[PDB]
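One chain is shown next in structure tokens, namely the form deposited in one PDB entry.
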């Protein structure tokens, strides 16, 4: 059913892994349609999205569709799909296991504290953002629009240095993520790649505040009105001007005025080269 990079594909095109080759190990949390587990294949370590046996037809198709989409990507900042197990119940989608967990947790559990005073530096944050901008770039030059670029949808391979960040859910592509959306998206329902640009800008704020909820204190409707009136979040605490400057460029009201990801990428690179930026200390939370 699904078309990408030119090629058209279908369920026949997914790697069916024999169920007997799949061991579940522990649960990791819950995604859209159910608990995700840590698991194995034969020795291969994976995450296992599962579909609850008692679910709707549309549930069946959303689940299959997530597999097709994520299976056609080939980029190192987009989580890999090992295969599926769709011919035994409950259904499985096997994905690259990201030991560092999701980005919003990582940021929160790694905030520098008086004991972990050097858990992270500004340069770790810029690499996480480089990683994701690189993924979003790959999507843009393939005309794919993600629609939900947010910290909760990103993942890290490992906790320590050497960690690579990747876009790890494609569920979108009052439940609406208003706080990540540009005016023309929540008003006119128009999406283009300039809307992932806006979202990325908000992700950048999440990254540099260390996992805070955007527009702290505002409900969905207040954000919608704030944002359409020209309102914009302040710099996260300690955020360097040049990094904030990328945020406010991503949030330009006119889609045509926002940068594309090649340009965002250049500017994260320049930030990364600037001693004034990366010699900046993160807030040690007490």
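C-alpha atoms forming the largest set that superposes within 1.5 Å between two forms make up the rigid core. Positions refer to the first chain, counted from 1.
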| message | Gap size between residue 42 and residue 43, counting deposited residues with no coordinates: none, 1 to 3, 4 to 9, or 10 or more? | response | 4 to 9
| task | Check the entry and tell me how many residues of the deposited sequence have no coordinates between residue 145 and residue 146: none, 1 to 3, 4 to 9, or 10 or more. | result | none
| field | Stretch exceeding the other in mean C-alpha B-factor - 114-122, 182-190 | value | 114-122
| Higher-B stretch (mean Cα B-factor, as the entry records it), 240-248 or 59-67 | 59-67
| Which listed residue, 159, 83, 135, 211, has the largest C-alpha temperature factor in the record? | 159
| request: For the C-alpha B-factor as written in the entry, point me to the maximum among 202, 95, 155, 175. | output: 175
| remark: Here the Cα B-factor of residue 268, set against its chain, lands in the third termed middle
| query | residue 36: which third of its chain by C-alpha temperature factor? | reply | highest
| task | Using the B-factor values recorded in the entry, state whether the Cα atom of residue 29 falls in the lowest, middle or highest third among the modelled residues of its chain. | result | highest
| task | Relative to the other modelled residues of the same chain, rank the CA B-factor of residue 105 and answer lowest, middle or highest third. | result | middle
| remark: Tertile call for residue 217 (CA temperature factor, within chain, third-based) is the highest
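From this point on, the text means the form deposited in another entry, which you will not see here.
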| query | Quick one: with the rigid core lined up, which of 36, 32, 224, 55 moves its CA 2 Å or more between the shown form and the other one? | reply | 32
| said: Taking 2 Å as the cut-off, check whether the CA of residue 87 shifts that much or more between the shown form and the other one after a rigid core fit. | reply: no
| task | Align on the rigid core first; then say whether the Cα of residue 105 has moved by at least 2 Å between the shown form and the other one. | result | no
| said: Aligned on the rigid core, do the two forms place the Cα of residue 117 2 Å or more apart, comparing between the shown form and the other one? | reply: yes
